[PDB]
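Asker: Here it is, the structure in full.
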Amino acid sequence: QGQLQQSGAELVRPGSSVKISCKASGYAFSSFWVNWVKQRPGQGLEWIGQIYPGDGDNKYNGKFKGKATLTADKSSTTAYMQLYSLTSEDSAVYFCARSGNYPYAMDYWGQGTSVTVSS
Amino acid sequence: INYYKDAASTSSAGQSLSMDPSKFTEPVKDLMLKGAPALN
Amino acid sequence: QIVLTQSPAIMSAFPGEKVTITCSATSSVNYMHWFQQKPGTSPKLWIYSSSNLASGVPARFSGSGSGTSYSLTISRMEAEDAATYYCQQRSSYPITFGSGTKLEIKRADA
Amino acid sequence: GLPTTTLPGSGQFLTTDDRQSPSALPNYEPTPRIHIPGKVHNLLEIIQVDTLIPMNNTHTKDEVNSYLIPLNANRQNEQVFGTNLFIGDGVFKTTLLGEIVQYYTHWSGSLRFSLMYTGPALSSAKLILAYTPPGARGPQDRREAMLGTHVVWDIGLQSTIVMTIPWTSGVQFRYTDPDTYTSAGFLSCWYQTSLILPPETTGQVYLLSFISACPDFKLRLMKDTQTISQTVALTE
Amino acid sequence: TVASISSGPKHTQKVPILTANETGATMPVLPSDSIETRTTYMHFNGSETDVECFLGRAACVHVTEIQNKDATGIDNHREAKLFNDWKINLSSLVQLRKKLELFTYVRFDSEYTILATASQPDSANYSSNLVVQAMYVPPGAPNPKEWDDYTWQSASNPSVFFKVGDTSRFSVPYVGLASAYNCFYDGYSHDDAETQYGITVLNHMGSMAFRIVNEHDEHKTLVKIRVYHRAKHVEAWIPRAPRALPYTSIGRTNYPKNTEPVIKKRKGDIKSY
Amino acid sequence: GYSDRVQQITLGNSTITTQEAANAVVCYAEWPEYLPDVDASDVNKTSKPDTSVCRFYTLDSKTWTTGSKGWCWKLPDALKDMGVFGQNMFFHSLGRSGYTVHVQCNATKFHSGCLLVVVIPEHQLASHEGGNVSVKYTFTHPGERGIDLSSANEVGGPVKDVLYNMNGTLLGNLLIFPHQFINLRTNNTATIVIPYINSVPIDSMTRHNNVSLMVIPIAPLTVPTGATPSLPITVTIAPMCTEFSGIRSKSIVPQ
């Protein structure tokens, strides 16, 4: 069973926009979604969006309307998403997770990417 | 012939045939003549 | 938008002490998904769908409820209990996680 | 009950159908239309305006300058520019005449091609434009050019000289997309004599160019245009 | 009508082909102003270049999917495309979205035409035939949470159950809250530094929503619903300049950082024919 | 013996001579006027301070150089300061007004170069960060000053680009809108009289700009052999047929 291998520790100068990734390994990417959660430091398991590779069907949480812009690539089976106009709120931690095998919420989970915004 | 009770119900109309460039071709206030030195 | 709330905020549990947590969402969430996190790890699927002991999530555990407020149990806490807990709503749409009944371990004074 | 027979083509979803169809929102009455300046009726009204041709592509990138047909001071008999008339391509491929005419497959009429100098008031020049209909090639020097429809132009107060490319073709319509039977021809512009420059001034000056369509312009058969694309569906 | 009258040589004070283009007036010059011609004809009035055409063809505007399977155990139905929906608009699909952004305000009635086909991409023992029901949830309308809510009564909501492999042609009058539709709206809902700029605001007619009325047969079926729309009874005001740089999202006129030129380069010379 | 090379324009109490101009433009050939009844909606009795706002305000002289790229000015706003207009504008719920815009710049029979004054109704900009990133209020609402393309991005800032008039359209297709050229050799100033263009009878001004003026050096300012390589440009606008409706508590704008 599959994998949500993630991008690597990020340092972004404020005002920028970076892209952390994800990649499924041993389950059919093109079937389930990928949610993303912004659990900041000593902070909660926050929900950015969720995207579906299958046709590009998706949804976002109204915090991240602009910030997060979820996205899936059907070959490298790599979800992504990237934050725009970085600020030290984006200094938190982003995790991706496979959703809807259905008896379970986002059952399969990825390790994460560190996003830190500063000079 | 109209089988429906409405306005959308109706089908396409066809050729307007009004066509006036003026509006874009020559919005000059002080009007210009073809064949006369443009600005004098 | 169903606003979640882990029942205690945190306590401490002497292994043996049975542990019970709760989620109290505003509106009606039909299925309580309980996630847990021993830090330095990805949060992980403990109990899905109101009362199901996920995979590898031991027997002391369990829980239930509905409509509004659901809960969790651990017939007696251990060591491998002093973690953080997340109830989690999936019913309403900006899909929203719990609060955090940080499970606490109890030991002697040194 | 009245006897019918269904013909071949039942339920075919032809997208180009002017048919009668029901109101999903019956009895509903609209917002009263008011008035608004400028109002289009027929594409052909708006493509009778001029736009600038970037006849100077020769760049690494897109440039405000790919628009400036330069002029070189104190030279002569030399060439200023050239191109062919596949108004469904090249230079032209990014003008309001392009981008629209691009939307159709067949065209005809006569282009009007304008040309405006911006040299210091006190400088002069007298060059020549020239359409070379189809048979030979890019004139490759004055003489050869000059035996085609062309137009000497003396620079004075009237910055703009309007040369018109007479529609000169056998067949009476031309494939918008490039094709040689349905080829258009060429056009240039050479130093009649040369570009003078006043004392105490210097460098190069320029020509701007525009191209508009004529009263007579013609376009039919609606095709889709290449100029755009999306690999995927867009997002909110 | 006439193409161009006959013209003989000339020699005057009246120089037609010499104007000042900095006035803003594109001179209506002519062929027969610059040379010797002959009377010819026109026999053309561009019916095919009229705006109740070059705007009014049936073109697709959006494509999603759904599926009928056993719901028994789904937390959220949407997440299961058990049923679906659409924030009606047009920007989704660039081919048509370029035609419309050719003018500033536009106005008309429409021919929203739906069609839909199914797949049993996996050990099916027959292609079932369902019936899709598409609703229209006007903004302010209750919303379908499941493939069998009550929302799916559609008491006062205009709905049409049609069949798979088939189509439906439900046409609707123009429903702008104003004398015509805004295409670009350099505005904000309000004088607040922190709101969104763009027409994203001016444009709800809300959504659409399609489900599949049958109780899951046994194998799994997926439906891909396509929505086609034909503008008709049009008017357009104030043309503008056509898009050169590509698109990036609905209701924004953005473009991507780091993009291949749009101006085709000239190999060789400018002198080069 | 009069020529388009000589016009005066008196508004309220201000005039403008110009012994140059290349005639004037009237966009879409409409002439500015008041809200006819059949067409009205707001029930309120409109107010029309005529000569107190239907006059000539003078924004300010930008300086054109062989460096400068261009400048723009959204319009219901640009004047949002100028006396009575600038209040009557904030004091009311919804307004309605038509403009004029004698743009200017003088030189000589030695200088070379030309401009491209243009007007674009409902011109809507683009963020410099792609994706579904939007631009915020205090960026599309400059005024007195206007924004400058020969400058560089702020975050959330518009795009600062002439090559695609910050929206994805080649500078060279612009001519499809009203406009005219200042051609340092046949010219010196420019004019445009702009009627209310928007799709509602009467509308707001706090939260919206119905068209912006753009000045853009299509061909470069290039002084003689040694002189100061910078010619100012000074813009002037004067609203008219103003019509304010539904007064109150005065509005408070972001920032």
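Residue numbers (the working numbering), protein chains in the order written: chain A, 8 to 126; chain B, 45 to 84; chain C, 2 to 111; chain D, -12 to 223; chain E, 4 to 276; chain F, 380 to 634. Positions of the beta carbon are idealized from the N, C-alpha and C atoms, including for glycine.
Would you mind telling me which residues of chain E sit closer than 7 Å to D:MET42, beta carbon to beta carbon, in chain order?
Answerer: Along the fourth sequence, read from residue 1 onward, the residue named residue 42 of chain D stands at position 55. Result: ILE273.
Asker: So, at 8 Å on beta carbons, what are the nonlocal neighbours of D:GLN191 in its own chain, with the 5 sequence-adjacent residues on each side left out?
Answerer: Along the fourth sequence, one-based indexing puts residue 191 of chain D at 204. Excluding sequence neighbours, D:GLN191 sits near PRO57, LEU58, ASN59 and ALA60.
Asker: Hey, is E:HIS193's beta-carbon within less than 9 Å of any beta-carbon in chain F?
Answerer: The count along the fifth sequence starts at 1 and reaches residue 193 of chain E at position 190. Output row for E:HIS193: interface = yes.
Asker: Would a check of beta-carbon distances place F:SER513 closer than 9 Å to chain A?
Answerer: Here residue 513 of chain F corresponds to residue number 134 of the sixth sequence, with the count starting at 1. By this cut-off, F:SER513 is an interface position.
Asker: Using a Cβ cut-off of 9 Å (strictly closer), state whether E:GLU39 contacts chain B.
Answerer: Along the fifth sequence, read from residue 1 onward, the residue named residue 39 of chain E stands at position 36. Not an interface residue.
Asker: Can you list, in chain order, the residues of its chain whose CB lies under 6 Å from that of A:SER23, leaving out five sequence neighbours each side?
Answerer: Here residue 23 of chain A corresponds to residue number 16 of the first sequence, with the count starting at 1. Once the five neighbours on either side are set aside, the close Cβ partners of A:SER23 are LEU93.
Asker: Using a Cβ-Cβ cut-off of 9 Å, state whether E:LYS13 counts as contacting chain D.
Answerer: Sequence index remark: in the fifth sequence, residue 13 of chain E carries index 10 (1-based). False, the Cβ-Cβ gap to chain D never drops below 9 Å.
Asker: List the residues of chain H that C:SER92 touches, going by C-beta distances under 9 Å, in chain order.
Answerer: No chain H appears in the structure shown, which is made up of the protein chains A, B, C, D, E and F.
Asker: From the DSSP secondary-structure annotation, give me the bridge partner or partners of E:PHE165.
Answerer: For the purposes of this step, residue 165 of chain E is identified with residue 162 of the fifth sequence, where counting begins at 1. E:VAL135.
Asker: Would you mind stating whether A:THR123 and A:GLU53 have Cβ atoms separated by less than 9 Å?
Answerer: As a working mapping, residue 123 of chain A is identified with position 116 in the first sequence. As a working mapping, residue 53 of chain A is identified with position 46 in the first sequence. It is not a contact, given that the beta carbons lie outside the stated cut-off.
Asker: Taking the alpha carbon of C:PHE36 as the point to measure from, which residue in C:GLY99, C:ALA111 and C:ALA80 has its own alpha carbon closest?
Answerer: Counting from 1 along the third sequence, the entry for residue 36 of chain C is found at position 35. Among C:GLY99, C:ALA111 and C:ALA80, the Cα nearest to that of C:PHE36 belongs to C:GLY99.
Asker: Nearest by alpha-carbon distance to F:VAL497: which of F:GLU533, F:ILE571, F:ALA400 and F:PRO455 is it?
Answerer: By one-based count along the sixth sequence, residue 497 of chain F stands at place 118. Answer by Cα proximity: F:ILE571.
Asker: Within 10 angstroms of its Cβ, does F:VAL404 collect 16 or more other Cβ (buried), or is it exposed?
Answerer: In the sixth sequence, counting from the first residue as 1, residue 404 of chain F sits at position 25. Buried: at least 16 other Cβ atoms inside 10 Å.
Asker: Can you list the alpha helix (DSSP H) stretches of 4 or more residues lying completely in the stretch 102 to 165 of chain D, in chain order?
Answerer: Listed in chain order, they are 129 to 133.
Asker: Name the chain A residues whose beta carbon is nearer than 8 Å to that of E:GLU82?
Answerer: Residue 82 of chain E sits at position 79 when you count from the first residue of the fifth sequence. Going along chain A in sequence order, the residues near E:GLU82 (Cβ under 8 Å) are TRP40, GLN57, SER106 and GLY107.
Asker: Would you say E:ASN24 lies against chain D (beta-carbon separation less than 9 Å)?
Answerer: The sequence position of residue 24 of chain E within the fifth sequence is 21, counting from 1. For E:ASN24, the answer is yes, since a Cβ of chain D falls inside 9 Å of its Cβ.
Asker: So with CB distances below 8 Å, who are the chain F contacts of E:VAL265?
Answerer: Here the question's residue 265 of chain E lines up with position 262 in the fifth sequence. Simply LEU549.
Asker: Would you mind telling me which residues of chain D sit closer than 9 Å to E:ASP53, beta carbon to beta carbon, in chain order?
Answerer: Sequence index remark: in the fifth sequence, residue 53 of chain E carries index 50 (1-based). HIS28, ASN29, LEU30 and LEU31, listed in chain order.
Asker: Name the residue from E:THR43, E:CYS186, E:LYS17 and E:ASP125 whose alpha carbon lies nearest to the alpha carbon of E:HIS222.
Answerer: Numbered from 1 along the fifth sequence, position 219 holds the residue referred to as residue 222 of chain E. Minimum Cα distance to E:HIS222 is reached at E:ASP125.
Asker: State the start and end residues of the unbroken beta strand (DSSP E) segment that holds E:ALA234.
Answerer: Reading the fifth sequence from its first residue, position 231 is the one you call residue 234 of chain E. Here the beta strand (DSSP E) through E:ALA234 covers 234 to 242.
Asker: So, at 6 Å on beta carbons, what are the nonlocal neighbours of F:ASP527 in its own chain, with the 5 sequence-adjacent residues on each side left out?
Answerer: Position 148 of the sixth sequence, counting from 1, holds the residue named residue 527 of chain F. Cβ neighbours of F:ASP527 beyond the five flanking positions: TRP450.
Asker: Residues in the same chain with beta-carbon distance under 7 Å from F:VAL541, minus the five sequence neighbours each way, listed in chain order, please.
Answerer: Along the sixth sequence, one-based indexing puts residue 541 of chain F at 162. These residues qualify, in order along the chain: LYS448, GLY449, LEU528, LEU550 and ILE595.
Asker: What are the start and end residues of the alpha helix (DSSP H) that includes E:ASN87?
Answerer: Mapped onto the fifth sequence, residue 87 of chain E falls at position 84. That residue, E:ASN87, is in no alpha helix (DSSP H); its beta strand (DSSP E) goes 86 to 90.
Asker: Report all residues from its chain with a CB closer than 7 Å to the CB of A:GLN50; omit the five preceding and five following residues, and keep chain order.
Answerer: For the purposes of this step, residue 50 of chain A is taken as residue 43 along the first sequence, with counting starting at 1. For A:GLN50, where only same-chain residues beyond five positions count, the Cβ hits under 7 Å are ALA99.
Asker: Opposite F:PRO500 in the DSSP bridges: which residues?
Answerer: Taking the sixth sequence and counting its residues from 1, the one referred to as residue 500 of chain F is at position 121. Paired residues: F:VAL590.
Asker: Quick one: residues in its chain with C-beta nearer than 7 Å to the C-beta of E:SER157, no 5 flanking neighbours on either side, listed in chain order?
Answerer: Within the fifth sequence, the letter at position 154 stands for residue 157 of chain E. Correct list, in chain order: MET138.
Asker: Using beta carbons (cut-off 9 Å, strictly below), is E:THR256 in contact with chain F?
Answerer: For the purposes of this step, residue 256 of chain E is identified with residue 253 of the fifth sequence, where counting begins at 1. It does: the Cβ of E:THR256 has a partner Cβ on chain F nearer than 9 Å.
Asker: Answer with yes or no whether the minimum CB distance from F:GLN466 to chain E is below 9 Å.
Answerer: Counted from its first residue, the sixth sequence places residue 466 of chain F at position 87. No - not a single Cβ of chain E is within 9 Å of the one on F:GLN466.
Asker: Listed in chain order, which residues of the stretch 79 to 107 of chain A have Cβ atoms closer than 7 Å to some Cβ of chain F?
Answerer: Under the 7 Å Cβ criterion, the stretch 79 to 107 of chain A contributes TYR91 and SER92.
Asker: What is the C-beta distance between A:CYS29 and A:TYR91, in whole angstroms, given that I count them as a contact (C-beta under 8 Å)?
Answerer: Translated into the one-based positions of the first sequence, residue 29 of chain A becomes position 22. Translated into the one-based positions of the first sequence, residue 91 of chain A becomes position 84. With 8 Å as the limit, A:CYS29 and A:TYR91 do not qualify as a contact, their Cβ atoms being about 18 Å apart.
Asker: Given a cut-off of 9 Å, decide if D:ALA200 and D:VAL88 are closer than it, judged by their beta-carbon atoms.
Answerer: By one-based count along the fourth sequence, residue 88 of chain D stands at place 101. By one-based count along the fourth sequence, residue 200 of chain D stands at place 213. Taking 9 Å as the Cβ cut-off, D:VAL88 and D:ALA200 qualify as a contacting pair.
Asker: Using a cut-off of 7 Å between C-beta atoms, extract the partners of D:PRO185 located in chain F.
Answerer: Start at 1 with the first residue of the fourth sequence, and residue 185 of chain D comes out as number 198. Ordered by position in chain F, the residues that pass the 7 Å Cβ test against D:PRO185 are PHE489.
Asker: Expressed to the nearest angstrom, what Euclidean distance is found between the alpha-carbon atoms of E:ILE273 and D:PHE68?
Answerer: Here the question's residue 273 of chain E lines up with position 270 in the fifth sequence. Here the question's residue 68 of chain D lines up with position 81 in the fourth sequence. In a straight line, the C-alpha of E:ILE273 is about 5 Å away from that of D:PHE68.
Asker: Sort D:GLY96, D:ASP128, D:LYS80 and D:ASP4 by Cα distance to D:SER156 and report the nearest one.
Answerer: Against the fourth sequence, residue 156 of chain D aligns to sequence position 169. Considering only alpha carbons, the answer is D:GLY96.
Asker: So what's D:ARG6 in DSSP terms, helix, strand or just coil?
Answerer: Position 19 of the fourth sequence, counted from the first residue, corresponds to residue 6 of chain D. Three-state DSSP puts D:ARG6 in coil, outside helix and strand.
Asker: Between F:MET545, F:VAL632, F:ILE573 and F:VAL422, which lies nearest to F:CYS433 when the distance is taken from Cα to Cα?
Answerer: In the sixth sequence, counting from the first residue as 1, residue 433 of chain F sits at position 54. Checking every option, the nearest Cα to that of F:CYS433 belongs to F:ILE573.
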